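Asks: One structure is given below, represented as structure tokens, and several questions about it will come after.
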Amino acid sequence: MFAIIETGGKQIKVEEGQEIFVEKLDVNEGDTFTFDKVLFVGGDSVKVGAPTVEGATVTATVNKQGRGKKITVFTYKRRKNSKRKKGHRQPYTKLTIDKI
Amino acid sequence: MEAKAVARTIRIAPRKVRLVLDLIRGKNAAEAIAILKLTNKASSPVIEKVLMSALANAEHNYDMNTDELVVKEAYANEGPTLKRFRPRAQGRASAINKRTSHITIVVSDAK
Amino acid sequence: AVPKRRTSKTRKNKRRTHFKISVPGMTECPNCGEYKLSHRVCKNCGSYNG
Amino acid sequence: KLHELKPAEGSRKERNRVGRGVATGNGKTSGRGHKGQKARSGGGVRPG
Amino acid sequence: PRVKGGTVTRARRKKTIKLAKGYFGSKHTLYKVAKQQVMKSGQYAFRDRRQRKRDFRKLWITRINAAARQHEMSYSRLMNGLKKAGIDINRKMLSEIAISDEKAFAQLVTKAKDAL
Amino acid sequence: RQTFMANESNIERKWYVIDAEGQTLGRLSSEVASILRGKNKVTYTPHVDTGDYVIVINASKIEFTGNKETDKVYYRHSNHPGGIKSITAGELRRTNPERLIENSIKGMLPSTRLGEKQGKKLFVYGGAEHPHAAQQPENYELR
RNA sequence: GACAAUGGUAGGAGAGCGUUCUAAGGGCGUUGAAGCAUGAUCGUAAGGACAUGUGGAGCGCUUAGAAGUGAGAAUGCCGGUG
RNA sequence: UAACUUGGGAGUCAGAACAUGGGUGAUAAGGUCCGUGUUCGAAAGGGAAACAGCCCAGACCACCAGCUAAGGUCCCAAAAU
RNA sequence: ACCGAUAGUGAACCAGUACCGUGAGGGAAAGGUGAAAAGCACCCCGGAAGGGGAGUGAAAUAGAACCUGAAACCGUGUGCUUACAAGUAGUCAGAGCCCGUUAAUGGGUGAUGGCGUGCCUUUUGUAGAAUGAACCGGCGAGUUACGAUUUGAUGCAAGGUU
């Protein structure tokens, strides 16, 4: 069985023992997290519904908390002598689904 | 082992020597010698002397048998050109590049 | 006319595909032992014997 | 201490350098606008 | 004092010639063609980072429309029924269930048929 | 992040057979094209073909509504100056109907390297019998 | 911590990176300086490091000062090479 | 939520199409000259096949999340045979 | 708080010289082995040039076409891919095959799908068949003196200062 959790303005399909990379959370490396919003559990014998299966809090652990790799945002306008360059690294946290 | 021999600032354009170096690259040694002997091209004797030099270094400089060697490498690099002129019509004058070349040959016994 | 535009070293290297020479078309003389051109005389010490 | 000097705050400024890049906004035309008599090395009109 | 401008121009012209490698021919060797190509590449990446999010929603919409016709619904009727039932799974998750659990897409389609 | 992408190893293609008797040209063609592009499969990946093979029997029975046997001319140029040949859609059916259906259906497939490899899975015969019995072609009903 | 704002030419305002030289302080170097080649590193940008090869003796860091201060385009000058 | 006064610093004085009130032309012109509004100029994104100026709408950066505007839902091509 | 061999004299070199002009007159370009010539005795291929050794040397890709040695350009070998296809040559998604790093959501190649008419200048408006550039490297454009005015700083203050 799997589950569907809503974390960062997105849904995610999680199974036990899977490593996920979600948006930044305020939990610290080594701790454990608990996802409340769960839209669909099961996939072996029990199905459920929504907007929220009242109960069924997935339990994970905070594996790492880091930053993606830099993407350079460069754009220009032809013949107008206007250009611009930025650089970006989006932070993330990596978790591991312990138990659904 | 490999033996090698070079001939520097041969006075022939490099892309005229690369035409006949491509016929003997890979062949045996006594076959490449006859190929260089029986070809019409003007750069045949020069490559033949460089090949015989690399075949002679093997007998004496590093002892090995000359009936087993194969031409492992043979190439021609550029060298310093010469800048001459040719006076054409109406006062003009056009350039002339006298190219040179560096012919290298490496013979190996496959070991 | 003049070339409208420069030639890549891809187009040049393609067009020099068939620009080459061939192996002299030679046999081995059965008197000199050495190599020779077929239908020509043995340039080494020897003759034709055709 | 000659290895630790600081001017009074607000006493020094960077001069401005035209003709060096488009990020500055003064690199091309050097703040002189497009073609005219006021855009020519030399200058404009007598004052007044 | 005179400044001879040495070692500064090459270091910034070489950062671009290596930021364009793989490019066909002179576009990875020369500076004035590699620079224009890298500028165009930056603008293209900017545009494609935003077209990607629409391409993938079209892909999900096609798979969920192909999965719903096997239960005799349209895609629009299935989505209307799911909205009314109050189920809020996104198209990305709905396509994944449709592929890896048909016994769960059956449940979703039954609820969306009963919601009218 | 989590979108399944079809690969050549995963693809399992089936064979269908459709009856083009008593049907309209364009209405049959659009559905056969949707079957050939593989938009009828939940595992549909845009970059690689997941479509099925189709066999269209009885091509001589497709019909046109209205005065289409004399109108609906088909034009084609030969690239030589002046040569623009034509054939009405009524003389093409009685002569070579299997080209009629083939061109109709292939005008609805994208013109890309993959839009040809997807369009060469269509086998059109005018007449009830087809050689491809060794492929076990299921019998598909248009809707 | 809450709320908003952030397209842009000409051009106006602000904050900055880097180059050569000088003063004062604190350092590195034949156990290998600068330069130069490669790399899968860091910074919001200009740009900053580190490792390896080479090379063969000089060179950075901090705080201030002064400028022959940063170039893809002028049918630009000179040299080389297609 | 602006406005005005005083001072330092500029650029601008070749405009364009569309809708509407007019002159001129032949109730011709992608014509020309004026009043009024929009957009382009200096504006990317979606639609109009393509397409400065037309319709919708103003990009701080990232996301393999959702709702809509003009316009659309047989296939090319997302959504009603 | 002058230049450092495209700079500084036109000239760091046997330069106002090769040269070029009937003449008056115009005018370049050319630096660097090593601490010490110790500047390769001798053997081998070749007619010689040129090598390959072996020796000098701390170093010979230091061998007089001598410090370093880069880019365009010219080659040799190879890992992945390419002969039914309409290409501003990339970007986004993505199998397969080959590797293994500044260890991190790794590097190389790219079957196939979507989107996509270079840069600068000048314009109401240019993908434009309007202009400029063959490519690479070096050089190259708002500055200094003396006055005026406004702003920031600092010292004194009915006084301020040569």
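If you read the sequences in order, they're chains D, E, N, X, C and V. Just so you know, we're using the entry's author numbering here: the first sequence kicks off at 1 and counts up by one. Just so you know, we're using the entry's author numbering here: the second sequence kicks off at 1 and counts up by one. Just so you know, we're using the entry's author numbering here: the third sequence kicks off at 2 and counts up by one. Just so you know, we're using the entry's author numbering here: the fourth sequence kicks off at 2 and counts up by one. Just so you know, we're using the entry's author numbering here: the fifth sequence kicks off at 2 and counts up by one. Just so you know, we're using the entry's author numbering here: the sixth sequence kicks off at 2 and counts up by one. Quick reminder that beta carbons are idealized off the backbone N, C-alpha and C, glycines included.
1. Taking just the CA atoms, how far does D115/C sit from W61/C?
2. Determine which residues of the region 56-90 of chain D have a Cβ less than 9 Å from any Cβ of chain C, and write them out in chain order.
3. For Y141/V, which residues in chain C fall below 7 Å Cβ to Cβ?
4. Please classify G8/D: is it buried, with 16 or more other beta-carbons within 10 angstroms of its beta-carbon, or exposed?
5. If contacts are defined as beta-carbon pairs under 8 Å, then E6/D and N63/D qualify, I think. What distance do you get, rounded to the angstrom?
6. List the residues of chain C that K107/V touches, going by C-beta distances under 8 Å, in chain order.
7. Could you tell me which chain C residues have their CB closer than 7 Å to the CB of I4/D, listed as they occur along the chain?
8. Compute the Euclidean distance between the alpha carbons of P45/E and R99/E, then round it to the nearest angstrom.
9. Please confirm whether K21/N has its beta-carbon closer than 8 Å to some beta-carbon of chain E.
10. Can you tell me which of the three DSSP states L37/V falls into?
11. Output the boundary residues of the alpha helix (DSSP H) element that contains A56/D.
12. Report all residues from its chain with a CB closer than 7 Å to the CB of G30/D; omit the five preceding and five following residues, and keep chain order.
13. By the DSSP assignment, the beta strand (DSSP E) with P87/E in it spans what residues?
14. Verify whether the separation of the beta carbon atoms of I4/D and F40/D is less than 8 Å.
15. Going by alpha carbons, who is nearest to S61/V out of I85/V, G23/V, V74/V, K40/V?
16. Going by DSSP, what residue range makes up the alpha helix (DSSP H) through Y45/C?
17. According to DSSP, is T9/E part of a helix, a strand, or is it coil?
18. Going by DSSP, which residues form a beta bridge with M27/N?
19. What number of angstroms, rounded off, separates the C-alpha of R84/E from the C-alpha of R92/E?
20. With a cut-off of 8 Å on the beta carbons, I'd call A99/C and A68/C a contact; round off their distance for me.
21. Between the region 41-58 of chain C and chain V, which residues of the former have CB atoms less than 7 Å from a CB of the latter, in chain order?
22. Report, in whole angstroms, the separation of the C-beta atoms of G20/X and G28/X, which I expect to be a contact under 8 Å.
23. Mind reading off the beta-carbon distance from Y17/V to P138/V? Whole number of angstroms is fine, and I expect it under 8 Å.
24. Roughly how many angstroms separate the alpha carbons of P111/V and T30/X, rounded to a whole number?
Replies: Quick answer:
1. 24 Å
2. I71, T72, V73, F74, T75, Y76, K83, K85
3. By Cβ distance, chain C contributes nothing, its closest Cβ being about 14 Å from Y141/V, past 7 Å.
4. exposed
5. About 20 Å separates the two Cβ atoms, so there is no contact after all.
6. In chain order: nothing, as chain C lies at least about 21 Å away.
7. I90, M94
8. 18 Å
9. yes
10. helix
11. Taken as a continuous stretch (DSSP letters only), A56/D belongs to no alpha helix (DSSP H), as it is neither H nor E.
12. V62
13. 82-87
14. yes
15. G23/V
16. 32-69
17. strand
18. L38/N
19. 14 Å
20. 4 Å
21. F57
22. 6 Å
23. 6 Å
24. 51 Å
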